[PDB]
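Novice: I would like the atomic coordinates for the input below:
(one chain, ligands or ions: 1)
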Amino acid sequence: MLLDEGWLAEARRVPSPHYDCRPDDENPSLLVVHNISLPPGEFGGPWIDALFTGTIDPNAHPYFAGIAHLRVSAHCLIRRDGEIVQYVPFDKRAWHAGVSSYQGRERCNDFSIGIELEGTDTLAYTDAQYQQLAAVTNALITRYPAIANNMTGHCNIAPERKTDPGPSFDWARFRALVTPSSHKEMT
Ligand SMILES: [Zn+2]
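Specialist: Numbers count the residues shown, from 1 in each chain. Sure, the structure comes next:
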């Protein structure tokens, strides 16, 4: 994949206005697949911008209203129109999940330099996302090799048929395109 100034190339730079710090240490290389929307990169929905400005009202549900108090920071957010946004480079650890576990490894927090996908009410995801994500993932695997067999989300803690409250990211398409437990070297 292209890299420019040691930053991820062909992406929109949106470095989060307040990063996190979590007291955990596991090698950062986990791919997180789920449809979320939290940061106001580009949209016209006032709820997302209200979070960052701070005027969010405890109406939607408790989790979102709760976590508002804590700043958020993702890593690479791919929007539903096949766009790549980058919030928080490989320098100064982020937080965007709560908890997740895969292959007898639980991550207490989203303490890994993965990806996150963004959409709004399952608005057309543009298959292009999967293709471009797979390209980024090829680079990321070649950087830190884990992701090649470590793809999960927040509901994929055990059953891969669910990945969040809205998967539909075609596990057969993605797993075939990405490293299929072959076309790898070293480990
Ligand atoms: Zn999630």
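Novice: how much space between residue 12 and residue 160?
Specialist: 30 Å (CB to CB, to the nearest Å). Just so you know, the C-beta spots here come from the backbone N, C-alpha and C atoms, and that holds for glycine as well.
Novice: I figured residue 114 hits residue 77, correct?
Specialist: No. Taking contact to mean CB atoms under 8 Å, the distance of 10.6 Å between residue 114 and residue 77 leaves them out of contact.
Novice: ok, residue 108 - contacts?
Specialist: Contact partners of residue 108, counting by CB atoms under 8 Å, 6 or more residues apart in numbering, are 22, 24, 99.
Novice: Just the ones in strands from these, please.
Specialist: Where those are compared with strands, as defined by DSSP state E, there is no overlap at all.
Novice: Columns distance to the ion on top of those, output as a markdown table?
Specialist: Formatted as a markdown table, the entries for the contacts of residue 108 read as follows, by distance: CB to the ion, whole Å:
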| residue | distance to the ion |
| --- | --- |
| 22 | 17 |
| 24 | 18 |
| 99 | 10 |
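Novice: ok, and the most crowded of those residues?
Specialist: Scoring the contacts of residue 108 on neighbours with other CB atoms under 10 Å, the highest-scoring entry is residue 22 at 13 neighbours.
Novice: I figured that one hits residue 107, correct?
Specialist: No. Checked against CB under 8 Å, the pair residue 22 and residue 107 is beyond contact range at 9.7 Å.
Novice: residue nearest the centroid of this structure?
Specialist: By CA atoms, centre = their mean, the chain has its centre lying nearest to residue 116, at 1.7 Å.
Novice: next helix or strand past the longest helix along the chain?
Specialist: When every helix of the chain is counted residue by residue (DSSP state H), the longest turns out to be helix 128-143. Downstream of helix 128-143, the first helix or strand assigned by DSSP states H and E is strand 151-152.
Novice: Can you list the buried residues in whatever helix or strand comes next after that following strand?
Specialist: Per DSSP H and E, the first helix or strand lying C-terminal to strand 151-152 is helix 171-177. By neighbour count on 16 or more other CB atoms under 10 Å, the buried set for helix 171-177 is 174, 177.
Novice: Just list what helix 171-177 packs against, helices and strands only.
Specialist: Contact partners of helix 171-177 among helices and strands, from 3 or more CB pairs under 8 Å, 6 or more residues apart in numbering; DSSP states H and E: helix 128-143.
Novice: swap the cut-off to 10 Å and go again
Specialist: Secondary structure elements in contact with helix 171-177, counted by 3 or more CB pairs under 10 Å, 6 or more residues apart in numbering; DSSP states H and E, are helix 128-143, strand 151-152.
Novice: between those, which gets nearest to the ion?
Specialist: For the ion, the closest of these is strand 151-152, at 10.4 Å, according to CB to the ion.
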